[PDB]
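# Observations on the three-dimensional arrangement
Residue-level listing of the chains:
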Amino acid sequence: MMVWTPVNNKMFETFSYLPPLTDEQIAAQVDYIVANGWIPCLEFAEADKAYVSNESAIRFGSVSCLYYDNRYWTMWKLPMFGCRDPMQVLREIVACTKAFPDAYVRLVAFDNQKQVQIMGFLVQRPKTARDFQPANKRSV
Amino acid sequence: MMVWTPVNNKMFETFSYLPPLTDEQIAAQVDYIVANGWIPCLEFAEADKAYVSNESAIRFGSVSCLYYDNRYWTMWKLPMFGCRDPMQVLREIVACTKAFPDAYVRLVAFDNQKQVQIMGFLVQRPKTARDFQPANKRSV
Amino acid sequence: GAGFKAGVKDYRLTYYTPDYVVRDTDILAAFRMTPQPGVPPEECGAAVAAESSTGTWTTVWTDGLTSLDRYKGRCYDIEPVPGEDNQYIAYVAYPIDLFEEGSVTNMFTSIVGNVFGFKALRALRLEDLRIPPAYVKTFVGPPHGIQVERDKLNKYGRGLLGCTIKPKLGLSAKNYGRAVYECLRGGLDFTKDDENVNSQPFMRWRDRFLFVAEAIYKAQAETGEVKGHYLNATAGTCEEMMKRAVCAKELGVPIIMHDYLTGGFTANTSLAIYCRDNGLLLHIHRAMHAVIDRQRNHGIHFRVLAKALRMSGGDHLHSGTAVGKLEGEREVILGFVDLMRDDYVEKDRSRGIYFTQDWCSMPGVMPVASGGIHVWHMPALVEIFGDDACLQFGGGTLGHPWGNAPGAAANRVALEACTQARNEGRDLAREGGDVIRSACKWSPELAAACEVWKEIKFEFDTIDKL
Amino acid sequence: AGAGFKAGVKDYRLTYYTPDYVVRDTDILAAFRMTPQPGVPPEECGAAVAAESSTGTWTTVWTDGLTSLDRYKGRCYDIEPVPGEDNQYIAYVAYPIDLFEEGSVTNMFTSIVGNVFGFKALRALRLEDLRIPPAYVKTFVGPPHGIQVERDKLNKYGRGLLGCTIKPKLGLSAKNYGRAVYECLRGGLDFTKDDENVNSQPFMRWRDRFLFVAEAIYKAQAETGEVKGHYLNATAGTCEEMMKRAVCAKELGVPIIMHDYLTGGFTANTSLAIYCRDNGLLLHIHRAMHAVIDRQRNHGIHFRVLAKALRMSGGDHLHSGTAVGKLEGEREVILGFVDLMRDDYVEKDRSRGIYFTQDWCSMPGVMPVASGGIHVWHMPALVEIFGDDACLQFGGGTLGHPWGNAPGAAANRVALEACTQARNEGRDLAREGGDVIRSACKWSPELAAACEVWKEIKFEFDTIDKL
Amino acid sequence: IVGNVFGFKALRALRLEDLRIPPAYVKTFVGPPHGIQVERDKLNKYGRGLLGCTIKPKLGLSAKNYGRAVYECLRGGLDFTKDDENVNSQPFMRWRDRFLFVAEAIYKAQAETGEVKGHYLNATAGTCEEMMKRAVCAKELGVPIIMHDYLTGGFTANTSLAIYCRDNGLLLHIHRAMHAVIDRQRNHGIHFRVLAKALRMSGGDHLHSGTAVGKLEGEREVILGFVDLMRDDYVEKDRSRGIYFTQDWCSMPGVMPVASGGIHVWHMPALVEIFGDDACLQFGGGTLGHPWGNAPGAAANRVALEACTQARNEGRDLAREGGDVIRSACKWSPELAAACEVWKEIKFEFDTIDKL
Amino acid sequence: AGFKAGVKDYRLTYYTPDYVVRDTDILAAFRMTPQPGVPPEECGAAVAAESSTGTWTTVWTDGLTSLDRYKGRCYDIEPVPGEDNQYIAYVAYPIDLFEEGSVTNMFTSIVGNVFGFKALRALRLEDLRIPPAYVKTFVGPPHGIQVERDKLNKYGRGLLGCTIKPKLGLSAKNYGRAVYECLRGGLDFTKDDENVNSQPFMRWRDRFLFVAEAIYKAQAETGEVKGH
Ligand SMILES: O=C(O)[C@@](O)(COP(=O)(O)O)[C@H](O)[C@H](O)COP(=O)(O)O
Ligand SMILES: O=C(O)[C@@](O)(COP(=O)(O)O)[C@H](O)[C@H](O)COP(=O)(O)O
Ligand SMILES: O=C(O)[C@@](O)(COP(=O)(O)O)[C@H](O)[C@H](O)COP(=O)(O)O
Ligand SMILES: [Mg+2]
Ligand SMILES: [Mg+2]
Ligand SMILES: [Mg+2]
Ligand SMILES: [Mg+2]
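The rules behind the values
- Residues numbered from 1 in each chain as written, not as in the entry; some residues may be left out.
- Chains lettered and ligands numbered in written order.
- Part of a larger assembly, values for the part shown.
- Heavy atoms only, no water.
- Contact = heavy atoms within 4.5 Å.
- Buried area = accessible area lost by both parts, 1.4 Å probe.
- Salt bridge = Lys/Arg side-chain N within 4 Å of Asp/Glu carboxyl O.
- Polar contact = N/O pair within 3.5 Å; in protein donor to acceptor, adjacent residues only side chain to side chain.
- Nonpolar A, V, L, I, M, F, W, Y, C, P; charged D, E, K, R; others polar.
- Pairing = 2+ DSSP bridges.
- Helix = DSSP H or I, 4+ residues; strand = E, 2+ residues; numbered from the N terminus.
- Axes fitted to C-alpha atoms, helices over the stretch in contact; angles between N-to-C directions.
- Near = heavy atom within 4 Å.
- Areas by Shrake-Rupley, 256 points an atom, 1.4 Å probe, with all protein chains shown as cover.
- UniProt positions renumbered as here; feature names shortened; annotations may be inferred.
- Buried < 20%, exposed > 50% of the residue type's maximum accessible area, 1.4 Å probe, protein only.
- Donors = N, O, S within 2.8 Å, 3.2 Å for Na, K, Ca; no water.
- 1 Å grid on protein atoms, 1.4 Å probe; cavity = no way out; pocket = protein on both sides within 12 Å on 5 of 7 lines; lining within 4 Å.
- Sits in = over half its atoms within 2 Å of the grid points.
- Least-squares fit on C-alpha atoms.
- Expected span 1.5 Å × (residues − 1).
- Disulfide = S-S within 2.5 Å.
- Right-handed = clockwise from strand over helix to strand, strands pointing away.

## Considering the interface of chain D and chain C
Facing 116 residues of chain D, the contacting portion of chain C comprises 115 residues. For the pair chain D and chain C, the two sides together bury roughly 9400 Å², of which 58% comes from carbon and sulfur. Along the contact surface separating chain D from chain C lie eight salt bridges. Salt-bridge contacts for C:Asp461 lead to D:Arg123; the nearest nitrogen and oxygen are separated by 2.9 Å. Where chain D meets chain C, there are 74 residue pairs in polar contact. Taken together, the residues that form the side of chain D that touches chain C break down as 49 nonpolar, 49 polar and 18 charged.

Structure representation (structure tokens):
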């Protein structure tokens, strides 16, 4: 029996239980966005604004149900409307992570028919983050 | 497309989106107070009391609408009632910043007919402040 | 014109109207009908139309005070059923005027109230209903729906993962919260009360709600992901049901559940309205449905019960698994999953969709695949449902040899590996086993789960055939 | 080492088939007519049903060890073959009282009938009967009033009560509704009623109806000198709308409301029954949708279980069937659950489908209501089947009378009183019933007119729900 | 006053130009929940016009996308954003979902900028009961400001809401939707100045006043007349601005004029010159139409506002040097420069219908 | 199609002369008077745009959603006979644009801002097509004609009413005196003048009370149901 560690084992929603994505794996996900005609977009946040929190609820009556701070991140430029070039998305990842090397950065895509984010995953975490485990240190 | 930075880009209400005011620009603003017969006043706060916060709302029922801590700052002496000399205002700026070199200091003016503060801007921030950007670093 | 004439006449004289052109505001019903010997299909269809709308067994004078043409239900078409000597699909049209606005209860009371018990028929099954936009618009509908739910949870790009705590009954409130915490922290988005977990001597509801809240918040802080547990508001009275929903609201937790058929449509609609007004997600359990919907010859098909739930209100509804311990064929499930999720679903008899259904922007309901499923089913589940579903592993989590957190991790790893493979262009029907086996190489949790349930399948002759 | 956690699938029968179990007097018992898939032993199928309606799932869970499964598990403790059936068995399951929420029919159903009917490993499943122990019965408020209190409140004794559904089902205006109700009540009927599907609709809004019906009720009562009522329908889309309608009836001072308990649901029904108890309204229960569940022999839930559940949830009247009318239900089957609805104690009697002795521990009885396709010639049979403690309803049988509602009411009332009198005098209604009716026709033109119109009218078909 | 007389056969046209509301009647009204001075004091905002922005497209956005747009707008230097007048509760976005996401956005932008932020959450509804439900939610979220369409919801509902806002500390933004049905034509109807006096009495903290230079009609001199009637305690008769009567408000609080509709960065100098500091200036398309997105759009408008305010304070003539002040600010502000380039040629100049 | 910042003609998105109206669409007939130099098509499109989804410049946020699904559509323009510069513009609004059961919201979209646009000289809404699927969202009248006749027990002739005069200035007791005298002579109803609410000369609750007395007196005297 291996034991799933509760210590410094923060996750990041979709694909965070898989081994870290290679550049080829990221490119494959970008090709999937393009193949489906979805709208690519990058979002970023400093480390303090990265995970869901409750601080604004100090101002509330009994209305905190499904309210969390830090769900919204900051938009890198605009969603890439009309983008049909995966290399364009990859170049924006490079540009975003260069401008904000110490931020968390995620790639998302929007479907305008459902009007919902249709995919998303973390593409950068700051090098100073110590709150996560290698795939093989998730259980001890 | 340049991206407005969410990181360490705190503002300070009126004039904080312009380049930092020169001494000549501050003097022009003081002349404007005097020309209009308004009452000059200085206010100051230590760094922890500078920005609006919510801590007192822990004591509240559902009455936090338009309540914030740190709107009030500390009055430097008294409002300069009957002041018609801009040099007098500039001397109090020097006096206030010398007594509190590590405080935020703002210059305000009151109109007693409307009974409202009629102007205001930051004249000093502590040298240790790291939560603001120079004008050319606000976007990336 | 025409005097009142006392006495019995054939229903078909008034209620069989084969040349009637249906109106776009009519509610339409497709009845699989088995007449008694000696009862013509036309008279049997007319009897069903009559006794679910305006008519009784003998002529009444009071018809003359009103306009029967305006109000009567109309059997307007009868199809023979291929392969059946004594089965017919009778199509009935009901004027919109017959129905109370916003009341699924009233719609069922007319359409399925008395007609199934008539001596003159041997069996009757309601297969489908065409709910027109003008009637759909009278309903509040789901508290939130799929898009709003994902937005509130901040969860995108994969199926959601859930889990029913086991044993069904017998756990204390504290042990319940202990199990919930261990499940959620390993990678599941949700856990849930079993359908029959309400308030009982071994575990009172408010004790459970409190310990579960502690568990939710511990797992959320630990993982950095939004967590929830469907707290059961199902109760003996509307007043008890509401008390439970209020407590969930006051704890700030995301989601409650209701057993809509055993609690009932009246209580369910009330609860869905409460959830809308207070921002709670509402998970719907379909306990008792198979009493009604299992047999081909008699009852009400689940697709009708699913449409009724969408109207009454629910953010999630159980849909079946195809591959698990409970019955429901893939093609049948795909039909009503479209009816649950989509805005517009074209008639498609090969999936049992008898009518084109326009939902006129009523939010979609998240299908929940649950019951006897495990890690090896993951590729098939992802292929069937796509991302907009919740997949639930009760035994498939709490039956893991290393406990709940490793169990949750195994299911989460399997889901994400399948999703990734799907996104990369892989064929999950063919390559699913390979995707799972590849993931086992870097995931000891998954490998342990795969080993335990490798031989486990549920394959039986299907009762509810199209 | 002791018994530990072993991950994996094992047969349900290892835990949930306990053929030597001695049932406790607090256990809830279920009789399931079960049709296993080929290759599934009856023991494993009975055990799967017991497991998945109580404590177990498809694979072994470690959490069982934190609790005591022996204390909480459902137990298949007996399996009978069904005579005449190659692949049908009656599986008997015992549920500890600890499994159930007090006072909640909803929760009892959720366990016993929640998931098991959809299991791939069975082809069909029908819940035939339930043994509700006194210790569980006592947790329920029960019917708002019951038969004795109802008769006392109405001041009605010595005969069946007579009722009538207003027709057409839908399409009448509020004023025309109250007009028909007035004419029905004044001719001798004790009650009229909203059709089950009459709630609130574009052709007639509920509160307009309630008011005109109140006027009609009070007019007929003043005119006849007998207490009158009309079951006003509180069935609604939400609990709040249901309650508003009950409140309006309370504020009008009228005797009785109705609820469709299966389409409204048990949760709302129990609430309404409690409201009726607290405000002194009679509660008529309509069983709309039951035959979706209860018609077929091989699958569903027999009506007798649905009737027991209604008694527990709360209702002063419940529809029982007629035997002779337009809707199915055999005389012997009906007599079984009529005893279950009315009586305090009912012994096991498989010849009437009573699988368990039932002790109601003083919970009031529910008035059976015979309704649907009945007329004056059915009266002797109806009085013979039910006795005085029933309500007999003639909708078409009143509003289909050639002379109108008041003559139609009077004919039904004359027919009831003539048959009751003959019964009291020692006459055999099964043999002399036609003579009783023809004798009454001689002094009653209203009855004569009704007899002439419906003389040839019978409803005789092959019964689907055979024992 | 306007109940039956406009329909009389014996007249061809009737227009109510002005009303003299006497102090003795003014004193019977609760009036604005807060007014200009109290609003500035609660927001801690002094020395410049306030800046707002209507989210676009008008309809069709989801609750989450609404909050996303709001956060991006507020974080770039706008004080407020708002629901469009017709954003109430619809199938594409239910109100309570919006309120919650918008609260998140408000609190994110406020923590990010260090300035108090708000978004006018629309309480306009089909019934008073729904209207109040929405106000209550705003109160329980602790947010500063809600809005009401006072003509389409109506005076009875509006007065009730203004009283609620007074009792619960909520700022109340008033949208004048439907006014032009009534106030556009010179020969018939009711002049807006009367509709503005009525709003002041009924209760509102903000009221749309027109722009003079934007896409909707209202001449500078006409606007200046009723802006005085909205803000000031005492306004002398002045027929050259359409003021038929001397109006004494007997200390009833002033209403903040809101200039909105078809305005952009190049209009800034004229807007500041017309209104002075006590106004809210709103840029919907003028923010969400910026080539670089909402935050750069917000920053451009904020920079333009502050640059004009600073030039004004220094003694510069905005009426006459407005372009130079804007062009100077473009040299250190790429955001402003991008906005100036896109909207350089854009003007709204048509013959005025509502002439004095 | 990406985001292009800047102003373009409304007619490029909002004039759709080949649109087939849906049976759930709200339809509006606008009598429109454009300013000189504004084509009827651009004027109709501006009305359609600014009463539904559009503003004066292109917004990037359109791409997050489906403008085709939500936009108001000027689908037809008729010249007005006898008029050189008047047109009937026909606009179609998707049912999704409207709050269920809210006349307030329907008016706010359709007549909210467009009447004040500089680019038009005049605008009149002539008619609206309220589709069944929208009508059904409204509770509607408390009773309606049939139910009113039934509650009053009045059939076979017009009902007769009467506003008490002088409009203002009568005391509560005089009001009830006048009401009684009117009702007892054969009128079915009397009424408060529209501007009679509650005033120094007559407070509402005093009037309600005296009027009740009058209603019941006249009803007892005549044997006919009376109201005020
Ligand atoms: O009670 C149960 O069996 C479950 O908790 C699943 O447990 P496991 O995960 O341990 O199998 C669910 O309620 C069923 O899936 C309901 O069936 P359906 O979804 O068909 O309505
Ligand atoms: O709708 C009807 O058909 C009835 O009103 C009877 O009408 P008639 O009197 O005109 O036949 C009753 O609701 C049925 O008896 C219900 O059946 P059951 O009692 O079997 O539940
Ligand atoms: O709907 C609109 O057009 C606005 O949101 C502005 O949009 P833009 O900022 O994109 O122009 C405002 O409601 C109008 O200004 C109202 O007009 P007024 O102030 O005259 O009442
Ligand atoms: Mg379960
Ligand atoms: Mg009936
Ligand atoms: Mg607007
Ligand atoms: Mg009048």
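## Some details on the sheet that holds strand 11 (residues 317-319) of chain D
The pairing of strands in a sheet comes from backbone hydrogen bonds and takes either a parallel or an antiparallel form. All names here are of chain D. Strand order in this open sheet of eight strands is 5-15-14-11-9-8-7-6, and the pairing throughout is parallel. Of all strands in the sheet, those bounded by a partner on one side alone are strand 5 (161-163) and strand 6 (191-193). Here the strands of the sheet are splayed against their neighbours by 25 degrees on average, with no regard to which way each runs. Here strand 5 pairs with strand 15 (residues 391-393) via three bridges, running parallel. Bridge pairing in strand 15 links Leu161 to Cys391.

## Concerning the site of ligand 1
In the vicinity of ligand 1, 19 residues are found, and the nearest of them are C:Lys168, C:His318, C:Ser370, C:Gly395 and D:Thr57. Chain contributions to the surroundings of ligand 1 come from chains C and D. Taking C:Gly372, its main chain carries an N or O atom lying 2.9 Å from an oxygen atom of ligand 1. The protein chains hide 99% of the 490 Å² of surface that ligand 1 would expose on its own.

## Digging into the UniProt feature "active site" in chain C
In the UniProt entry, the feature "active site" is given for C:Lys166 and C:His285. Counting through the fold element by element, C:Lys166 comes out in the loop between strand 5 (160-162) and helix 7 (173-185). A residue is classified by how much of its surface remains accessible, and C:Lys166, at 6% relative accessible area, is buried. Those residues in contact with C:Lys166, other than ones at most four positions away along the chain, are C:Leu171, C:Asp194, C:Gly394, C:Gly395, C:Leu398, D:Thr57, D:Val61 and D:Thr63. Within the local environment of C:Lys166, its side chain forms a polar contact with the side chain of C:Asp194, the two groups lying 2.8 Å apart. Take C:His285: its relative accessible area is 4%, and that puts it in the buried class. Non-local contacts of C:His285, meaning those with residues more than four positions away in its chain, are made with C:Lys192, C:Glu195, C:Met257, C:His258, C:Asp259, C:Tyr260, C:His318 and D:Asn115. Among the polar contacts made by the side chain of C:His285, one reaches the side chain of C:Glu195 at a distance of 3.1 Å.

## Details of unusual backbone geometry
In this structure, the amide linkage connecting C:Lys166 to the following residue, C:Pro167, adopts the cis form with an omega of 0 degrees. Within the secondary structure, C:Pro167 sits in the loop between strand 5 and helix 7. Residue F:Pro166 is reached from F:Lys165 by a cis peptide bond, and omega for that bond is -5 degrees. For F:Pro166, the position within the fold is in the loop between helix 6 (145-152) and helix 7 (172-184). Phi is positive for A:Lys77, which is not a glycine, with a value near 55 degrees. Along the chain, the position of A:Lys77 falls in the loop between strand 2 (74-76) and helix 2 (86-99). A:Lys77 gets classed as partly exposed once you look at its relative accessible area, which sits at 21%. A positive phi angle, close to 80 degrees, is found at B:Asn70, a residue other than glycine.

## A short note on the coordination of the magnesium ion (ligand 6)
Taken together, E:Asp84 (OD) and E:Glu85 (OE) make up the full set of protein donors to the magnesium ion (ligand 6), lying 1.9 to 2.1 Å away. Accessibility classification places E:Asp84 together with E:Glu85 in one group, the buried group.

## Here we look at the site of ligand 3
What surrounds ligand 3 is a group of 19 residues, the closest being E:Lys58, E:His175, E:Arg176, E:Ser260 and F:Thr55. Ligand 3 sits at the junction of chains E and F, each of which supplies nearby residues. At 3.3 Å, a backbone N or O of E:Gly261 approaches an oxygen atom of ligand 3. In the complex, 99% of the free accessible area of ligand 3, which totals 490 Å², lies under the protein chains. Put simply, ligand 3 lies in the largest cavity.

## So, the relation of the copies chain B and chain A
Copies of the same chain, two in number, are related to each other by a rotation about an axis and a translation along it. Rotating chain B by 90 degrees and moving it 0.1 Å along the rotation axis overlays it on chain A with an RMSD of 0.1 Å. The relationship between the two copies is best expressed as a four-fold rotation axis. Across chain B, the smallest distance between a C-alpha and the rotation axis is recorded for B:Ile58, namely 4.2 Å. Here only 6% of the contact residues of chain B are again contact residues in chain A; the copies associate through non-equivalent surfaces.

## Regarding helix 12 (residues 294-313) of chain E
Relative to the 28 Å expected for 20 residues at 1.5 Å per residue, helix 12 of chain E spans 28 Å between its end C-alpha atoms, a close match to the ideal helical length. In terms of burial, helix 12 of chain E is a largely internal element, 20 of the 20 residues being buried.

## Some points on the sheet that holds strand 1 (residues 28-36) of chain D
All names here are of chain D. The sheet built from five strands is open, its strands ordered 2-3-1-4-10 with mixed pairing. Of all the strands in the sheet, just strand 2 (75-81) and strand 10 (300-301) have a single pairing partner and so form its edges. Of the pairings in the sheet, the one linking strand 1 to strand 4 (residues 122-131) comprises eight bridges and is antiparallel in character. Counted as the bridge partner of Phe32 is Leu127 from strand 4.

## Things to note about the state of the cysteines
Within this structure, the stated rule accounts for one disulfide over all chains. Each disulfide pairs two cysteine sulfurs, and for C:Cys238 the partner residue is D:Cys239, the sulfurs being separated by 2.1 Å. Judged by the sign of its S-S torsion, about -65 degrees, the cystine formed by C:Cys238 and D:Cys239 is left-handed. Here the residue C:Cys238 occupies a position in helix 9 (residues 238-251), and D:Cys239 occupies one in helix 9 (residues 239-252), the pair thus bridging two chains. Of the two residues, C:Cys238 and D:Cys239, neither departs from the other in class, the shared state being buried. Free of any disulfide, B:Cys96 has its nearest neighbouring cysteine sulfur in B:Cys41, separated by 9.5 Å. Summary of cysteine pairing: D:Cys451 is not part of a disulfide, and the nearest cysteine sulfur, belonging to D:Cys441, is at 3.5 Å.

## Observations concerning the UniProt feature "binding site: substrate" in chain C
Mapped onto this numbering, the UniProt entry annotates "binding site: substrate" at C:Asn114, C:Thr164, C:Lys168, C:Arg286, C:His318 and C:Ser370. In terms of the greatest pairwise C-alpha distance, the residues named above, spread along 257 residues, do not form a single cluster, extending to 36.6 Å across. For C:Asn114, the position within the fold is in the loop between helix 4 (104-112) and strand 4 (121-130). Once residues within four sequence positions are removed from consideration, C:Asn114 is found in contact with D:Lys169, D:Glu196, D:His286, D:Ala288 and D:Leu327. Mapping C:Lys168 onto the fold places it in the loop between strand 5 and helix 7. Setting aside anything within four residues of it in sequence, one finds C:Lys168 in contact with C:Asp194, C:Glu195, C:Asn196, C:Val197, D:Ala51, D:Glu52, D:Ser54, D:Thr55, D:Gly56 and D:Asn115. A polar atom in the side chain of C:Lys168 sits 2.7 Å from the side chain of C:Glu195.

## Observations regarding the arrangement of the chains
Contacts are most numerous, across the 10 pairs of chains in contact, for chains C and D. Separating chain B from chain D is a minimum C-alpha gap of 27 Å, and the two share no contact.

## With respect to the pairing of strand 11 (residues 256-260) of chain E
All names here are of chain E. Among the five residues of strand 11, five are classified as buried, and the element is accordingly described as predominantly covered. Side chains of strand 11 alternate between two faces, with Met256, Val258 and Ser260 and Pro257 and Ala259 buried alike. Across three bridges, strand 8 (residues 206-208) lies against strand 11 in parallel orientation. Looking across to strand 11, one finds that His206 is bridged to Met256. Pairing geometry for strand 11 and strand 12 (residues 280-282), over three bridges, is parallel. By the bridge assignment for strand 12, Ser260 is matched with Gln282. After leaving strand 11, the chain enters helix 10 (residues 268-275) and then returns to the sheet as strand 12, a path that is right-handed.

## A few points about the pairing of strand 3 (residues 89-95) of chain D
Residue and element names in this part refer to chain D. Among the seven residues that make up strand 3, seven are buried, leaving the element largely enclosed by the rest of the structure. Residue alternation in strand 3 divides its side chains into two sets, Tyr89, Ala91, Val93 and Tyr95 and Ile90, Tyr92 and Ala94, and both sets are buried. For strand 1 and strand 3, the ladder comprises seven bridges, and the chain directions are antiparallel. Bridge pairing in strand 3 links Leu29 to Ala94.

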